[PDB]
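Asker:
Protein chains in written order, with the entry's author numbering: chain d, 17 to 246, 263 to 479, 492 to 528; chain D, 16 to 246, 254, 258 to 479, 491 to 528; chain e, 41 to 281, 301 to 560; chain b, 16 to 520.
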């Protein structure tokens with residue numbers, strides 16, 4: 017069976033060593049030229065592995081690990097691939113000694129659980145009630161982005177949004193409730209929380225539309241205003273009963289799902305809704321159908337008979353903010369006690385490249401803050417947590433017995449690959465920098493604190509946990525057969 | 016596949032038996048063989064074919080050793096024993112497909128061969144050597160296959176009277192190597208001298224001084240040679266050294282009372298010096314030189330003497346006994362005869378002398394009388410005679426077919442295949458004669474049911501029982517030595 | 041091909057096909073998986089089905105399918121016996137050709153050898169009714185037990201042994217002894233078990249009696265004569281060169316004649332089921348033309364061409380008609396029996412799986428052919444390999460008394476009969492050569508009897524204690540077809556196969 | 016020549032996919048398609064075998080074997096193919112250096128499986144301990160199954176009859192040991208449990224209704240008027256009185272069949288068909304009573320309670336399997352005579368007589384009773400486990416070695432080869448555990464050989480420990496299901512001398 021496993025380990029090691037050169041901002045970028053002629057350039061490991069079109073079945077598992085790495089911790093997509101390949105490289109000599117992979121697989125899961133308690137003892141205990149470390153966490157994380165002076169203004173915006181939805185025992189919080197709507201125009205200095213909800217499009221620009229209404233109900237409606245499609265008074269008669277049934281439930285906000293099949297609202301219906309001051313917002317994306325059904329607590333309504341008053345939400349004031357090239361509609365005071373208020377922030381800027389990278393930069397800032405919700409505390413990066421674990425495993429490896437005693441020795445050696453790569457990508461000598469870190473380890477422990497470089501504990505914790513089960517599942521498949 | 020290696024040797028052995036099968040009988044098909052040296056010979060004798068065939072196959076060479084023992088023991092059936100050997104090999108092919116081990120196949124041949132002999136002796140008519148009328152007609156029919164016919168009537172009592180003197184009783188094996196056919200130039204077939212004492216291959220001294228005849232002589236066997244040493258007062262000095270060396274050898278001869286002596290023929294140096302003949306001429310000592318090396322072992326048996334390598338160990342007890350020694354020449358022969366040896370250890374060894382003019386006379390006569398002595402030799406060791414031509418082989422196959430039900434197990438099926446393997450000999454005789462193969466074989470089982478051995493007796497066809505007995509015995513050991521070889525490898 | 045070529049190839053071509061079924065011969069053989077192109081899947085060791093599925097271009101093996109097709113009607117269970125026996129004659133015929141014997145002598149030589157061996161077996165044969173009458177029942181019960189021992193039926197075989205006895209007797213006469221396979225219907229459905237299988241004396245038609253409100257059982261109606269059924273050769277429709304008036308005229312002919320159920324070849328309208336519901340007169344739809352004959356014969360009915368030709372004498376009369384629910388199947392079929400002996404018998408077998416139904420169907424159908432040969436000839440012989448050994452010793456002993464060219468043709472026939480006991484000995488785990496010599500020794504010095512190869516594990520000879528018998532007409536039919544087949548093969552010296560366009 | 020390799024070696028490659036997937040620590044397999052994006056990773060054995068197209072025509076036989084196992088229970092399907100693969104792997108040595116008939120090898124498995132099931136029964140444990148709480152909960156479960164059924168009228172009386180119909184069996188819980196009688200003219204509340212084997216029909220006319228020290232013999236034959244169909248015969252006789260001579264000659268031949276019955280010393284006879292007066296009148300002097308209309312179950316169930324045999328023929332006089340009963344009593348209830356047996360030797364069975372007021376209540380009560388008894392009978396095969404972790408696998412090897420002592424020459428190597436496959440189950444389980452399988456299985460056989468039958472292999476500590484202290488057990492029903500499935504699957508494969516490829520649908 018080793019011919020199947022050794023061929024997969026060597027194939028996966030070459031992929032991990034290739035992504036290893038991309039670690040850090042100074043790392044070596046990888047280029048992928050698609051068959052259609054598109055060429056992408058970036059250091060993101062999740063983007064490289066997705067567009068590489070890997071034909072190796074076991075090597076495709078790194079895409080699922082990198083996807084869960086950004087969804088849970090939010091950082092370390094490149095580091096988790098390096099740690100996965102580090103265990104595979106050390107496993108080559110394990111098979112030569114006659115070691116069965118069960119002991120190899122079971123030792124990785126047992127070492128991952130013990131490595132968490134080691135990091136927690138060396139980590140500093142912090143609380144979410146103190147806003148001093150919360151603002152500095154998101155401010156220093158934006159030093160890798162074009163924004164510099166505006167990074168301090170968006171720092172308290174991300175802190176106050178998470179602390180309200182974090183509570184205490186909620187633990188993991190769904191990130192789908194956070195939607196950043198980007199639009200050309202405006203600037204970064206103009207920000208509005210708008211905890212009620214934020215849509216992705218503008219309102220009706222035609223004549224007669226009020227565009228503003230107070231004390232209205234918001235609900236999801238999949239219907240569409242169109243003439244009969246299997263004379264002027266005949267089409268107006270068919271549209272009269274449509275607007276009359278909506279008036280029965282006093283629904284002043286009509287959200288129509290965007291579809292290329294038919295139109296949205298007929299021009300004849302605009303004059304009918306203008307008398308009742310019923311605001312209509314069209315071009316609702318399919319992704320926003322599930323988003324609006326959560327924070328607003330409404331239900332999608334397919335037909336006109338399914339439309340009821342009990343499925344309609346509540347909106348205190350609905351108005352269209354006047355701005356250059358923006359025209360964003362805001363809703364405040366949804367008055368939903370059961371569902372938590374959603375967080376949607378509008379991103380504005382003159383250049384299209386601004387609102388793009390800004391949206392991606394805020395996603396990584398919310399994940400790092402969310403790491404403190406599940407497990408409080410942080411550990412400074414730069415190879416500190418990787419070396420600290422190997423220091424404790426030196427004396428602990430002698431306390432074991434049997435085949436597992438040798439695994440603890442190789443497990444600490446594979447952890448040194450991460451700080452070694454960080455020293456190589458910076459131009460410094462690999463071994464020389466690592467020896468200087470272990471020399472001062474007798475006095476200093478976590479000391492990078494003066495450089496304002498901080499990392500959450502969940503990234504270092506999830507990187508070991510995901511890489512432990514990854515390599516564990518690799519050795520489980522001893523054969524590959526064609527099944528169709 | 017240890018057996019497939021042996022099966023490849025069985026198929027190669029059946030191809031040789033099928034080639035000799037066509038040569039059986041006087042009407043058989045001859046085989047043309049061209050030797051690598053360029054000699055072209057042809058004949059119907061199976062012993063001469065396998066001798067010059069130069070078979071390189073290891074297992075197929077076993078037929079040569081059986082054919083050599085077939086002519087040395089029985090003297091007849093060298094062709095038929097090859098056919099009978101190939102018959103058991105063909106029947107063993109179906110036995111291997113049934114999962115039968117060759118040990119049972121080989122062990123059953125021992126019980127089948129001993130049973131066929133006892134059945135043949137019951138139908139055979141026992142004869143005695145006291146009746147000379149049976150031996151004359153037996154040897155006369157063997158001479159009908161040669162050009163000599165009317166002159167073969169006088170040769171019948173010649174071979175009969177020679178065997179009856181040495182037959183005695185309970186002699187068992189009788190070696191015919193002591194009986195030698197002397198071939199000389201001149202004379203005729205009707206002129207023959209028995210000379211029961213002994214007959215040499217050489218003439219006497221034609222020089223001056225040779226007595227050529229002696230009364231009451233002792234003939235010894237001496238491998239030495241009297242010659243001058245062969246590793254010009259000077260002339261006489263060499264003569265005094267040579268004459269003294271030649272006389273010292275003759276001094277011990279006179280004290281030993283040696284009338285006749287023999288000298289081994291050596292082409293390297295001189296055999297007997299002319300001076301040595303004149304020295305022994307005064308002593309009345311007959312000298313016979315140029316004795317063939319092949320006759321040295323022959324004369325060491327019938328004469329009851331021993332070879333003398335050195336004169337120092339030469340004694341009188343190693344000489345012979347002869348009442349009269351004379352040289353009688355019919356025409357041109359000049360041959361010396363000896364009569365009345367009367368030795369206690371030695372027996373009356375008789376050497377037959379054959380005279381003829383052309384070379385083809387003494388040749389064809391030699392091979393004709395040699396086979397006649399073998400047929401008589403069969404009657405001495407085993408009494409009784411049967412009718413040839415495959416007649417007894419039919420009844421044996423009939424009795425063994427009914428007795429096969431008395432056995433049990435795998436060995437019972439072998440008796441059924443063994444009876445069919447004996448029918449190949451009479452079938453081949455019907456094929457080589459132009460007659461229909463299957464038609465003649467069916468007529469054999471029909472007539473042999475009511476009658477017993479009844491016509492070849494009117495045609496004077498008599499096959500001795502020892503030939504049919506040895507043919508089955510030698511075939512049982514030949515087929516056994518084949519199947520017992522499970523593999524072969526290079527050994528040197 | 042030529043004489044020196046085809047004659048050698050015909051022997052090797054028959055040995056390759058015969059050697060395939062030698063492993064499946066006997067109850068210890070192999071059950072092969074076969075799938076018909078119609079979608080039927082079953083597993084059976086029957087040689088007639090295996091040989092019919094063999095498709096090959098050699099003309100020597102094609103004669104086996106042609107012979108098995110005609111033998112299937114006579115017996116059908118002797119397919120494996122004839123092919124092996126006929127191939128044994130070709131093995132001995134190859135040696136006779138090399139000896140200078142014409143191939144026509146081998147064909148004519150087996151004719152006198154086969155007829156001579158029949159008279160020898162009759163002398164040693166025994167009769168049933170002439171010996172013990174009470175054992176005649178046990179002979180028919182244990183005959184099917186041997187063939188059903190290799191199937192799951194062997195668990196319930198005790199009850200199924202009596203079902204095969206009455207099915208054959210009903211379609212035959214004691215003096216005539218004529219059994220037709222078309223009169224015996226073999227059917228089965230998925231669901232249920234084999235313990236609920238019963239014998240049906242009449243047709244089935246798989247009718248649910250249309251609307252369920254109709255009575256599922258026919259009443260005698262105050263001691264009437266049987267149950268009258270209607271047979272119509274004309275479709276149901278108004279006459280054409301008002302429609303409700305024509306429907307009331309045709310139903311009156313059924314009520315006046317007394318026909319309880321109406322059988323027609325064509326479908327009915329929805330109004331027909333409404334009028335027949337009030338009078339409790341069930342209807343039958345979609346009946347094939349071939350199945351119309353079996354109804355009138357069993358129920359003693361007649362074919363009525365027109366509407367007004369009905370009468371009490373032309374209506375088929377049966378014992379009764381009842382609808383019995385079988386398991387959870389929604390078909391709810393019918394069973395029509397008769398008090399008097401009819402000429403139509405329908406076997407009904409149920410199983411938990413579709414493959415189980417077809418497996419027990421052909422296994423039970425083969426038991427009907429064995430009983431068919433037992434009732435044809437009251438004299439039976441001991442089988443299991445004893446028939447081939449006894450008949451071989453008679454020909455081999457008489458071969459010496461018969462002289463001429465045929466003398467060797469008789470010896471080859473005796474050795475060819477030994478192929479059957481040697482083949483069964485290999486399938487039973489015994490020495491084929493040692494058993495053959497053992498059977499001949501026990502029948503010679505001890506006493507003359509019939510002892511064959513052991514089908515079931517035992518320690519000694521004399522299977523006669525187990526009362527294993529085979530029909531004389533069944534064993535005689537095998538040697539006649541095997542001899543005729545061997546003669547026909549020798550009559551074809553050339554193979555002509557045309558190409559494709 | 017290649018048919019044996021494809022049926023043996025070719026079948027191993029099919030079982031190799033499910034070989035390493037057995038156990039919670041077992042390995043996994045990969046199922047890859049042409050697009051490779053639809054693949055998945057799972058340890059399910061039934062999914063991998065059905066998804067992979069198999070060009071091997073002999074591999075389709077094992078496909079139907081897994082489908083039968085899935086119907087019984089959804090667990091242990093993987094172990095069926097693995098156990099069947101070990102029997103086919105050792106079949107190679109059963110040919111070359113053995114040369115043994117395959118059916119004789121299969122017959123050796125039946126003798127080994129008989130001792131293997133008996134060895135697991137004595138070593139089987141159960142949670143039935145403290146039956147006071149276990150037997151009380153049996154009546155409450157039966158009452159829950161009475162919903163929608165007419166038996167819901169009275170829960171206490173109707174469920175009590177079903178409770179005593181199970182535990183009192185002390186044996187096989189199948190419905191073949193339970194007799195159901197449907198009668199009319201009564202109420203369902205009057206039904207009671209009786210073991211007297213009550214059936215509808217009577218027997219005899221002038222014979223007494225009480226029999227003491229009865230001997231029961233079961234046989235099936237027709238002694239009265241054979242060849243029931245007389246249509247078509249032709250009787251050629253010189254006189255009318257001469258035609259009856261053939262019928263009178265058959266009566267004289269009946270003494271041969273009666274003599275074999277009289278030598279057995281039995282006062283009770285069983286017959287499915289009828290009997291003529293003359294052979295029945297001769298039974299009066301001998302005191303032989305013949306029971307009629309025994310159907311099929313009545314023939315088989317009588318041999319189970321009385322310890323009889325179902326054979327209808329006599330292979331030798333004074334040798335047979337005979338039963339007996341103390342008292343045969345004939346009573347009458349509901350204007351019909353009933354037959355209540357008493358004093359059956361080692362009789363274990365129960366008969367629930369359902370007395371209804373119509374035909375509709377009889378069919379609904381019988382079908383509802385079988386569903387209620389099926390739940391109670393399921394508790395015997397459920398929750399009952401055996402010691403696992405190599406324990407039960409090694410114990411079965413000891414029973415095979417017992418039969419391997421006294422054996423003939425043909426089945427000697429066949430029975431011994433079956434013991435090697437039993438030790439392969441703990442060997443494979445120890446392969447994926449990460450430890451040495453050769454050391455654990457070897458030390459396990461020597462320990463159980465002399466004493467200590469409860470020992471087993473520990474996967475956590477990699478040593479021999481007590482299975483009762485660790486608490487690792489496996490269901491006993493799973494053990495019999497795998498052995499029965501492997502015995503039927505290997506029975507067909509070993510008999511295969513050639514492979515016929517199935518027609519594609």
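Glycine included, each C-beta is placed from N, C-alpha and C at the ideal position.
1. Does any C-beta atom of chain e lie closer than 7 Å to the C-beta of residue 433/D?
2. Using a C-beta cutoff of 7 Å, does residue 371/e count as contacting chain b?
3. Quick one: what's residue 343/b bridged to in DSSP?
4. If you measure from the beta carbon of residue 213/e to each beta carbon in chain b, is any gap under 7 Å?
5. Given a cut-off of 7 Å, decide if residue 377/d and residue 498/d are closer than it, judged by their beta-carbon atoms.
6. Measuring CA to CA, which of 219/e, 196/e, 198/e is closest to residue 207/e?
7. Could you check whether residue 74/d and residue 229/d sit closer than 7 Å to each other, using their CB atoms as the reference points?
8. Using DSSP with H/G/I as helix, E/B as strand and the rest coil, what is residue 123/b?
9. Note down, in chain order, every chain b residue with its Cβ under 7 Å from the Cβ of residue 118/d.
10. Between residue 86/b and chain e, is any beta-carbon pair separated by less than 7 Å?
11. If we count the other Cβ atoms within 10 Å of its Cβ and call it buried at 16 or more, is residue 50/e buried or exposed?
12. For a contact defined as C-beta to C-beta under 7 Å, what are the partners of residue 176/e on chain b?
13. Alpha carbon to alpha carbon, what distance is there between residue 394/b and residue 73/e?
14. As a quick exercise: from 453/e, 308/e, 356/e, 214/e, pick the residue whose alpha carbon is nearest that of residue 401/e.
15. Under 8 Å between beta-carbons, which chain e residues line up against residue 461/D? List them in chain order, please.
16. Residues in its own chain within less than 8 Å of residue 414/e by CB, not counting five upstream and five downstream?
Answerer: The answer reads as follows:
1. Chain e places a beta carbon closer than 7 Å to that of residue 433/D, counting this residue as a contact.
2. Output row for residue 371/e: interface = no.
3. Answer is 226/b, 356/b.
4. Chain b contact via Cβ: present.
5. It is not a contact, given that the beta carbons lie outside the stated cut-off.
6. Distance check between residue 207/e and each of 219/e, 196/e, 198/e places 219/e closest, using alpha-carbon atoms only.
7. Judged by beta-carbon spacing, residue 74/d lies beyond the 7 Å limit of residue 229/d, meaning their Cβ atoms are not closer than that value.
8. Here residue 123/b sits in helix by DSSP.
9. Chain b residues near residue 118/d: 40, 447, 448, 449.
10. False, the Cβ-Cβ gap to chain e never drops below 7 Å.
11. Looking at its Cβ environment, which holds 16 or more other Cβ atoms inside 10 Å, residue 50/e is buried.
12. Near residue 176/e (Cβ distances below 7 Å), the residues of chain b are 241.
13. Computed Cα separation, rounded: 39 Å.
14. Looking at the Cα atoms, 356/e is the closest of the given residues.
15. For residue 461/D, the neighbours in chain e by C-beta distance under 8 Å run, in chain order, 140.
16. Correct list, in chain order: 81, 82, 83.
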